[PDB]
Amino acid sequence: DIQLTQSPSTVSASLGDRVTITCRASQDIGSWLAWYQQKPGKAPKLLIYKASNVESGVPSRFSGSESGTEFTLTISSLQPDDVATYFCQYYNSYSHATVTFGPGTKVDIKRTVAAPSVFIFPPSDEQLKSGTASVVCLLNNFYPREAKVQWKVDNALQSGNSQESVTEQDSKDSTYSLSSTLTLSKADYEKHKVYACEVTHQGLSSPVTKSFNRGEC
Amino acid sequence: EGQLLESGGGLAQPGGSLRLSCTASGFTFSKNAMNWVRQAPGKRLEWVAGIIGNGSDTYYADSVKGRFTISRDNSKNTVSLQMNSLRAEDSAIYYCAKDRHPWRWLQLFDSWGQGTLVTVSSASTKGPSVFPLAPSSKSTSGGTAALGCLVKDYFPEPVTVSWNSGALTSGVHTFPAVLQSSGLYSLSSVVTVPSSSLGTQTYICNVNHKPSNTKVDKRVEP
Amino acid sequence: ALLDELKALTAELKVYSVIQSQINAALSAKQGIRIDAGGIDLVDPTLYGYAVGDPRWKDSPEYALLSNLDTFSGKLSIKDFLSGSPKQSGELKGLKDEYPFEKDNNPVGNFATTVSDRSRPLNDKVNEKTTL
């Protein structure tokens, strides 16, 4: 069926904000359309409706518009739930998928931006016998400044021994945060003196970097 | 409104066979029906969607064609690979869906299932490499610090973890696993600690590893 | 006038006779049947006598009451048909995607019986809208 691409979208300026997200179709049917929304760790949901005969639209903050080989979603009061979105249809009048959905584009809802606080945390003797080590990054609100950890040991980059994920905005403190961990043998901590995390962003920093030696922790 | 609720959110062996389920609440089969959507790991990849066009109607690309021979009921609506060689590419999240309509009458019902996972792993059960993790002095900023408990490379899920006699679980959160090709899982618990709360207690992490029927506990010190 | 409703019921009965023709061939040739999206397709206008690319199919009752089926992608297998809607025959449920050919209680004969029974209420409506 019709292939699709979805763009652009970025963080809101605030609650109650206005954003407009477009898509392009490789092949034609008319304006046979609907938008699906994916809140994180949930079942997906449905937004827009009505076909090439563009009968009346959608309740509340949602809206959309189409012509040629494009269709678009405008949200006029963008809320903290509203954090991933997609397009669809299959040929009769409603429901299903275009065998692919229109592959979506990130959305997020703002409070004051930050750069991260970053700390290495000391491994215990049990961790050091096991050659394990650990790091944290903390950041108030979701902007986000979406990020990558780069574990390095005496200037050698680490892989095949590595774990990462981001926890959601804290219910009281609003902290975004990102743990990570590394592992080698005790003999690698005898051969190599210093262990480090470089931290890198979509925002304008691959500086910010922390490092430690086994004897001072 | 109407409801969907899945079961069998567990495990299979690669090249073996598997059978999931629905249990659709009060559903009577009609013009509108049920269908089975394959949420891929994290990223919504292209060829994913809309398996089983209507009730029992097998449909996909050749990449699974013939495997997905779904059964029947008024509620069980069962996606199924009963003799059909479940591949590594078939580890995913499989969702019930229903063909909803608007206009306030019947069929205006929230239409997606709770999302049954499918783990594929030839691991044995394995006990976690547990490690509580003290703060660095450098972290002591904004009047705060944090502590971790790493729970590395174990199988199967799930696990219960707590702190300080099991009384400390508010002001605490946990990172889920990253599922490597080796078919293991992990956690990291973290404690949010105010600087006024350091030194005021002995801090301890409690691990109840359900698959090994055993409790392990460790005190915070390097 | 009733000739449009006769044409509508004729579209169902033409397709059910195409299905029966494929079943009678399978019975004769000792073959099992595949009815899913990998099997025989029912969109081709030559099943209904119209030539390849003949614009008479665009208004034909046979293409109209088969493109407008709730399982239609643009293609339509025998199962997408036998699981679809709407029809004046009503429609079946629980039908399995293949039937083998076997010597006792032969599955293709049980399938042929299943199709034949629901075809009889359609023959009643065809007798009606042919004799009116």
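Residues numbered from 1 in each chain as written, not as in the entry; some residues may be left out. Chains lettered and ligands numbered in written order. Heavy atoms only, no water.

Its PDB header attributes the entry to cryo-EM and lists the resolution as 4.2 Å.

Per the PDB entry, the recorded name for chain B is Heavy chain, and the organism is Homo sapiens.

The name given to chain A in the PDB entry is light chain, and the organism recorded there is Homo sapiens.

Novice: For this particular structure, what's the right way to read the overall build of chain A?
Specialist: In terms of regular secondary structure, chain A is built from 2 helices and 15 strands. For chain A, whose C-alpha radius of gyration is 23 Å, the value lies well above the compact-globule estimate of 17 Å for 217 residues. Over its C-alpha atoms, taken along the principal directions, chain A stretches across nearly 75 × 35 × 30 Å. With 217 residues in all, chain A has 45% of them scored as buried. For chain A, long-range pairs separated by at least 24 residues make up 59% of all intrachain contacts whose partners lie at least 6 apart in sequence. Summed over its atoms, the accessible surface of chain A is roughly 10900 Å², and 48% of this surface lies on carbon and sulfur atoms. (Helix = DSSP H or I, 4+ residues; strand = E, 2+ residues; numbered from the N terminus. Rg over C-alpha atoms; globule rule 2.2 N^0.38 Å. Buried < 20%, exposed > 50% of the residue type's maximum accessible area, 1.4 Å probe, protein only. Contact = heavy atoms within 4.5 Å. Areas by Shrake-Rupley, 256 points an atom, 1.4 Å probe, with all protein chains shown as cover.)

Novice: Would you explain the domain arrangement of chain A in this entry?
Specialist: Under the domain assignment, chain A is made up of domain 1 (4-88) and domain 2 (117-216). Using only C-alpha atoms to locate each centre, domain 1 of chain A and domain 2 of chain A end up separated by 37 Å. (Domains from an automatic or database assignment.)

Novice: How do you make sense of the sheet that holds strand β6 (residues 129-133) of chain B when you look at a structure like this?
Specialist: Strands pair in a sheet through their backbones, by hydrogen bonds, and they do so in one of two ways: parallel or antiparallel. Residue and element names in this part refer to chain B. Pairing within the open sheet is antiparallel, and its 4 strands lie in the order β6-β7-β10-β9. Edge positions in the sheet fall to β6 and β9 (172-175), since each of these pairs with one other strand and no more. Going across the sheet, the axis of each strand differs from the next one's by a mean of 15°, ignoring polarity. (Pairing = 2+ DSSP bridges. Axes fitted to C-alpha atoms, helices over the stretch in contact; angles between N-to-C directions.)

Novice: Help me understand the sheet that holds strand β6 (residues 70-78) of chain A, please; the structure alone is not making it clear to me.
Specialist: All names here are of chain A. Taken in spatial order, the 4 strands line up as β1-β2-β6-β5 in an open sheet, and their pairing is antiparallel. Of all strands in the sheet, those with a lone pairing partner are β1 (4-7) and β5 (62-67), marking the two edges. Geometrically, the sheet is characterised by an average inter-axis angle of 20° between neighbouring strands, direction not taken into account. For β5 and β6, the ladder comprises 6 bridges, and the chain directions are antiparallel. Across the sheet, the residue bridging to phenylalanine 62 is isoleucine 75, located in β6.

Novice: Got a minute to help me understand the environment of B:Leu198 in this structure?
Specialist: Residue and element names in this part refer to chain B. Considering the arrangement of structural elements, one finds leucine 198 in the loop between β10 (185-194) and β11 (204-209). Separated by 155 residues in sequence, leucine 198 and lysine 43 have C-alpha atoms that sit 40 Å apart. When sequence neighbours within four positions are dropped, the list of residues in contact with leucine 198 reads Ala145, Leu147, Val193 and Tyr203.

Novice: What should I look at first to understand helix α1 (residues 3-28) of chain C in this one?
Specialist: Residues that lie three or four places apart on an α-helix share one face, since the helix turns once every 3.6 residues. Residue and element names in this part refer to chain C. In this model, α1 (26 residues) spans 36 Å end to end at C-alpha, consistent with the 38 Å of a helix rising 1.5 Å per residue. Every buried residue of α1 is accounted for by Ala8, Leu9, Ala11, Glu12, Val15, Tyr16, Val18, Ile19, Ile23 and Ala26. In this fold, the buried residues of α1 make contact with β1 (33-34), α2 (61-67), α3 (78-82) and α4 (107-131). (Expected span 1.5 Å × (residues − 1).)

Novice: Any chance you could explain the pairing of β1(A) here in plain terms?
Specialist: Two faces make up the sheet, and in a regular strand the side chains alternate between them. Residue and element names in this part refer to chain A. Across the two faces of β1 the burial differs, with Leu4 and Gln6 buried and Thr5 and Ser7 not buried at all. For β1 and strand β2 (residues 17-25), the ladder comprises 4 bridges, and the chain directions are antiparallel. Paired with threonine 5 across the two strands is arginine 24, which belongs to β2.

Novice: What should I look at first to understand the interface of chain A and chain B in this one?
Specialist: The figure often quoted for interface size is the accessible area lost as the parts come together. Taken together, the contact between chain A and chain B spans 45 residues of the former and 43 residues of the latter. Both sides together, the interface formed by chain A and chain B hides about 3700 Å², and carbon and sulfur atoms give 58% of it. Our count for the contact surface shared by chain A and chain B stands at 2 salt bridges. A:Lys45 is paired through a salt bridge with B:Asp110; the nearest N and O atoms lie 2.9 Å apart. Across the contact surface, chain A and chain B share 12 residue pairs in polar contact. Elements supplying a minimum of two residues to the side of chain A that touches chain B: β4 (45-46), β8 (117-121), α1 (125-129), β9 (132-140), β12 (162-167) and β13 (175-183) of chain A. Sorting elements by how many residues they give to the side of chain A that touches chain B places β12(A) first, with 6 residues. The class makeup of the residues in the side of chain A that touches chain B is 18 nonpolar, 19 polar and 8 charged. (Buried area = accessible area lost by both parts, 1.4 Å probe. Salt bridge = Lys/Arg side-chain N within 4 Å of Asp/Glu carboxyl O. Polar contact = N/O pair within 3.5 Å; in protein donor to acceptor, adjacent residues only side chain to side chain. Nonpolar A, V, L, I, M, F, W, Y, C, P; charged D, E, K, R; others polar.)

Novice: Is there a simple way to think about the pattern of salt bridges in this case?
Specialist: One side chain can pair with another of opposite charge once the charged atoms of both are near each other. Following the criterion strictly, the structure yields 28 salt bridges over all chains and no others. Between A:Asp81 and A:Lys39 there is a salt bridge, and its shortest N-O distance comes to 2.9 Å. A residue pair is termed long-range when its members are at least 10 positions apart, and A:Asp81 in the loop between β6 and β7 (85-88) and A:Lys39 in the loop between β3 (34-37) and β4 qualify at 42 residues. With a relative accessible area of 39%, A:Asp81 lands in the partly exposed category. A salt bridge links B:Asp90 to B:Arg67; the nearest nitrogen and oxygen atoms lie 2.8 Å apart.

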